[PDB]
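Novice: Protein chains in written order, with the authors' numbering: chain P, 98 to 145; chain k, 4 to 228, 267 to 316; chain j, 4 to 160, 176 to 316; chain l, 118 to 372, 382 to 483.
The C-beta atom is built at its ideal place from N, Cα and C for all residues, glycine as well.
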Amino acid sequence: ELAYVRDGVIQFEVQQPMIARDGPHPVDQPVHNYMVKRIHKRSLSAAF
Amino acid sequence: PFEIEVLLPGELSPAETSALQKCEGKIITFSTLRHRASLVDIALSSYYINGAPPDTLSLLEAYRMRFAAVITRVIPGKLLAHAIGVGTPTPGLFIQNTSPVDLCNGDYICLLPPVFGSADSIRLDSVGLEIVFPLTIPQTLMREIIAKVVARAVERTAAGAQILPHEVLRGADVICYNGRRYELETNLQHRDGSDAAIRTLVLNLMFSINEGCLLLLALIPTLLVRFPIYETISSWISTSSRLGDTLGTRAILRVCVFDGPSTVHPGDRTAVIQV
Amino acid sequence: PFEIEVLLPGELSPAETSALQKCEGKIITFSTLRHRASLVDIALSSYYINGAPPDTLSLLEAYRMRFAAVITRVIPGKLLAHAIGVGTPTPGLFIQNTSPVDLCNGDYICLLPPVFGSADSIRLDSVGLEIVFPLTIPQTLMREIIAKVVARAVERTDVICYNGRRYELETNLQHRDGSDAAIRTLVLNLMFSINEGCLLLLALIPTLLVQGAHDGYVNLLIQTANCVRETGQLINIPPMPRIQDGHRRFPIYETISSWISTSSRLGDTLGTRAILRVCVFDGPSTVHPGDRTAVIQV
Amino acid sequence: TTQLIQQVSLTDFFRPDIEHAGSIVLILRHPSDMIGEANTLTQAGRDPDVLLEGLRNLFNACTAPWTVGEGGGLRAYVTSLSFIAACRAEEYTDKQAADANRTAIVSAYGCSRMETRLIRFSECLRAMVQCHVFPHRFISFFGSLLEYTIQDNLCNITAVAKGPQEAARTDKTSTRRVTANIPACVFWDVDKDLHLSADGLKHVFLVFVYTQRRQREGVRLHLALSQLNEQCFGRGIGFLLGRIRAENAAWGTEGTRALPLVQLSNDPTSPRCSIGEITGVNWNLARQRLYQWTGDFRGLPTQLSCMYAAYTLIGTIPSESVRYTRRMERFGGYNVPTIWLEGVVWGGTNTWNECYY
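The following block contains the structure:
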């Protein structure tokens, strides 16, 4: 069932590490991400 | 903790519910504090008096009588808010800056109807109502804001009243705060709110001061080297007092930043403590 | 939560004791705030200025100086009461209406001595002292009573309409040491509201009269004012002076600005400031005389 | 039960190293607003840029002088109370305590570019009160210092906002509690001048006395502690400052016939000016004379040129019969008389009441 897919989708989720450091500066916080991607369709043809 | 829940309407267009998501930390005024309320209370419809839309003089008065609340988070089918009233311990109260001027730490928050330019507001055409949000300015900046706006309108009448204008000026009025100049109302054209909303306010102000430095002149004639004369006094004391409490100044919130940037620009949100 | 415990005198009669339990949500004033106090300071005897009962004008000054306190649940021996003026969180605060006029939601509460008919008050014959309680009227009615009292003071040296109903005020000024002081604080305000910019605002009287016609709204503002309606057709108002350095200054600024400060100061120095806000949850929108409402600290 | 406020700033006016824990710290507005307000509020005739001259030299004798104009967030935000007390020490009545604190703050600091900084700040305030730019709208209030961290010439401090004083944990000192400390020069209780009982609750105020004369202006800073009411403090202060009030009323401004309105309105047969001619067709021959009055009032004492004080509520003390203690202890390398206040709850909005009478 590919002729009815009509822009299927996938997604990714990652995290980022961090290091603690002193100093009178704004303190950091751990970060996470979220990304999404779609598909691309194409045909192949032959004659006889 | 006391909180209000505003029922989101049904059959709302996606463009309207999206823009409502943007206004997270804005202030909403209520007439009677209750747990469940409807949109008609927040909308401008319940705000006008004598049929006609409200006026600046009435805008200031209703801000004292009505209670205020702060939106916390929006839901695709629900809307919540917290009161800043009697004693409720609102945790993590953040507001969004709606004024063009910046705010720094230790500045007390106040409220003001939109005077400088055209007020931004969400407009719901499907239901037919719109919600206007109040302006947020610090304490030490409001007293000169009111004086400059009113003085500007008097200058316009004088130029029209006098046969010749006394034009010659110093340039243009500007408001400076944190080294940033605002420069309100460049041109002379575009009398948008010159006499549309501040119209009746300049009237009561153009009068109360007039009988002021006229009564003392007619009561003690030694200053400059059939008639009641008593009900005019009681009338002056009543008005000059009634014009004073509505043109008041009461701090409503205090910004208190911890681990965040000190200054905030128009559009940013910051944590505030309940005074 | 700060509370003041008033100790009831001993050997009190049961008739007066039951009469004290009725005064459940009334306001009392203290000279010096403390956790423990006596009954003498609450009594009217403590209001005496020289050796005699005080005056209405002297009572207005006495209310500003004294601290404020609200009565709460009284037990047979002790009389508990909470403070108002100082910053202190009080949960579930309620007062009892004493004025003949009704209140509604979003009404600021002021204080004034009994101006109306003979004030109801607990009278203790055994102890020998009498406790009068102050009247709580809204802000709007407050500003009109004072304006008429001061006008009567100038006359020596009164019907008021509220909700379509009229009243009578029996002002009392049997003293004189306080009557002249109200005149002093009055003239000092008009004198500080005169700057070199009144001339411009005084030169606009004719066009105001022109704008008075064909407007239908300014006329109402014109009829209520007598001075401008008389000077507008009796004085010439020489045309105009110049400015010292008009290249960088704004002469009409402070006139509209300095007046703003002296206007807000007037309402408080002449009488009493706003003390409370009434806001009842799950209650009636209006309250009749004698009932109790939950109020919020200002 | 209490809240804290953090802010980073330059250490040219405040040194969280030497300042004791629990002292008062104030902040300043952007100096760029002073000129925008001065050039529009300066009295007629006076020069408006003397403040600019007095202000430029202040930052010329301060580190990073090329960082004025943008306000990126790295300016000298906060300052200490003892700093102003030492800058104006020549005006307080307690001669020895004033000068002791002055030399102490000079020695404990860099002591190299400190005396010049102080005199610049001195005439800076002097020029501040020269064009009616009174320094009671540019000096805010922070709570007592609680914690600090500094690496070089830049410090991050945190202080209490409002609430009980000994409800926090400084957590690095010997004890975890601190009390309010003030120099003995600024302390001035008014009830012991007014001769009334000192029992019960008492409020705390800051006052800014102003003297306005020709080339001689003065500005002190007093921390008053009185039981008087919120607004009655104004009437109380005037009785003690009755001299300066009258001095200002006569030396504040250094840069005409009446009219019998009620008389000629009580009597008839006066020239009338009925509305029929003000309709606006020939409104000059109708008002030809009608009176003359030859009247104008330009030079008169305004309510702003006769101001002599400005106060503001800061906090109260619920414990009756306060027992403030005064003693001398080392401040850096010198001893200064400090007064110690215990159990003071901070609060109150920053609203200034001006005593112009």
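If you follow the alpha helix (DSSP H) that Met145 of chain k is in, where does it begin and where does it stop?
Specialist: 142-164
Novice: Mind listing which residues of the stretch 193-211 of chain k have their C-beta closer than 9 Å to chain j's C-betas, in chain order?
Specialist: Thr203, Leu206, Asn207, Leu208, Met209, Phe210, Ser211
Novice: Tell me, which residues are paired with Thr266 of chain l by DSSP?
Specialist: l:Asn273
Novice: What residues from the stretch 220-231 of chain j come within 8 Å of chain l, judged by C-beta to C-beta, listed N to C?
Specialist: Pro224, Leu227, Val228, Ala231
Novice: Output needed for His339 of chain l: all residues of its chain with C-beta closer than 6 Å, excluding positions within five of it in sequence on either side, in chain order.
Specialist: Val303, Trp305, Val324
Novice: List the residues of chain k whose Cβ lies closer than 9 Å to the Cβ of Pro386 of chain l, in chain order.
Specialist: In chain order, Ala221, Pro224 make up the part of chain k whose C-beta sits under 9 Å from the C-beta of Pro386 of chain l.
Novice: Buried or exposed for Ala22 of chain k, please, with buried defined as at least 16 other CB atoms from any protein chain shown within 10 angstroms of its CB.
Specialist: exposed
Novice: Between the alpha carbons of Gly95 of chain j and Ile314 of chain j, how many angstroms are there, rounded?
Specialist: 8 Å
Novice: Under 8 Å Cβ to Cβ from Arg310 of chain k, same chain only, skipping five residues before and after it: list those, please.
Specialist: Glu27, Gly28, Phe97, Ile98, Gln99, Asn100
Novice: Terminal residues of the continuous alpha helix (DSSP H) containing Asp308 of chain l?
Specialist: 308-311
Novice: DSSP state of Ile45 of chain j, grouped into three classes?
Specialist: coil
Novice: Note down, in chain order, every chain l residue with its Cβ under 8 Å from the Cβ of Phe268 of chain k.
Specialist: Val388, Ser391, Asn392
Novice: Pull up the DSSP beta-bridge partners for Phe176 of chain l, would you.
Specialist: Among the bridge pairs identified by DSSP, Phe176 of chain l is matched with none.
Novice: Return helix, strand or coil for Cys179 of chain j, following the three-state DSSP convention.
Specialist: strand
Novice: Output the distance between the C-alpha atoms of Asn392 of chain l and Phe268 of chain k, rounded to the nearest integer angstrom.
Specialist: Rounded to the nearest whole angstrom, the C-alpha separation of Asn392 of chain l and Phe268 of chain k is 6 Å.
Novice: For residue 380 of chain l, write down the residues that DSSP places opposite it in a beta bridge.
Specialist: As shown, the structure holds no coordinates for residue 380 of chain l; chain l passes over it, running from 372 to 382.
Novice: Can a CB atom of chain l be found closer than 8 Å to the CB of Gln241 of chain j?
Specialist: no
Novice: Within 8 Å (strictly less), CB to CB, does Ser276 of chain k reach chain l?
Specialist: no
Novice: How long is the line joining the alpha carbons of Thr59 of chain k and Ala150 of chain k, rounded to whole angstroms?
Specialist: 14 Å
Novice: Looking at the structure shown, is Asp286 of chain j part of a helix, part of a strand, or coil, going by DSSP?
Specialist: helix
Novice: Nearest by alpha-carbon distance to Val228 of chain k: which of l:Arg163, l:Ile201, l:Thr420, l:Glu170 is it?
Specialist: When the alpha-carbon of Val228 of chain k is set against those of l:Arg163, l:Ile201, l:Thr420, l:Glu170, the nearest one is in l:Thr420.
Novice: Measure the Cβ-Cβ separation of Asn365 of chain l and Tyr434 of chain l and say whether it is below 8 Å.
Specialist: yes
Novice: Check this for me: beta carbons of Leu358 of chain l and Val326 of chain l, under 8 Å apart or not?
Specialist: Between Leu358 of chain l and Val326 of chain l, the gap from beta carbon to beta carbon is short of 8 Å.
Novice: Would you check if the distance between the CB atom of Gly355 of chain l and the CB atom of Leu345 of chain l is smaller than 8 Å?
Specialist: no
Novice: Pick out whichever of j:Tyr271, j:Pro79, j:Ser275, j:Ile212 has its Cα sitting closest to the Cα of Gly425 of chain l.
Specialist: j:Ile212
Novice: When the Cα atoms are used, what is the spatial distance from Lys81 of chain k to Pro12 of chain k?
Specialist: When rounded, the separation of the alpha-carbon atoms in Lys81 of chain k and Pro12 of chain k is 9 Å.
Novice: If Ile112 of chain j and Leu239 of chain j are in contact, beta carbons under 8 Å, what's the gap, nearest whole angstrom?
Specialist: 30 Å between Cβ atoms; not a contact.
Novice: Under 8 Å, Cβ to Cβ, is there at least one residue of chain j near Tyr271 of chain k?
Specialist: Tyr271 of chain k counts as touching chain j.
Novice: Quick check on the DSSP output: the beta strand (DSSP E) that includes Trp183 of chain l runs from which residue to which?
Specialist: Taken as a continuous stretch (DSSP letters only), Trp183 of chain l belongs to no beta strand (DSSP E), as it is neither H nor E.
Novice: Between j:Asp300, j:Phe299, j:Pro307, j:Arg291, which lies nearest to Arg67 of chain j when the distance is taken from Cα to Cα?
Specialist: Answer by Cα proximity: j:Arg291.
Novice: Report yes if the C-beta distance between residue 390 of chain k and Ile7 of chain k is below 8 Å; otherwise report no.
Specialist: Given a span of 4 to 316 for chain k in the structure shown, any question on residue 390 of chain k remains unanswerable.
Novice: Below 8 Å on the Cβ atoms is my guess for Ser276 of chain j versus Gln120 of chain l; work out the distance and round it to an integer in Å.
Specialist: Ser276 of chain j to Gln120 of chain l, Cβ: 36 Å. No contact.
Novice: Report the neighbours of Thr35 of chain k on chain j: residues whose CB is nearer than 7 Å to its CB, in chain order.
Specialist: Taking a Cβ-Cβ threshold of 7 Å, the residues of chain j close to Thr35 of chain k are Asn108, in chain order.
Novice: Going along chain k, which residues have a C-beta under 7 Å from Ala436 of chain l?
Specialist: Neighbours of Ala436 of chain l on chain k: none; closest Cβ ~13 Å, over 7 Å.
Novice: Quick one: grab the DSSP three-state call for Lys25 of chain j.
Specialist: helix
Novice: Thinking C-alpha only, which one of l:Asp134, l:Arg132, l:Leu127, l:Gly139 is nearest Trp466 of chain l?
Specialist: That would be l:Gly139, whose Cα lies nearest to the Cα of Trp466 of chain l.
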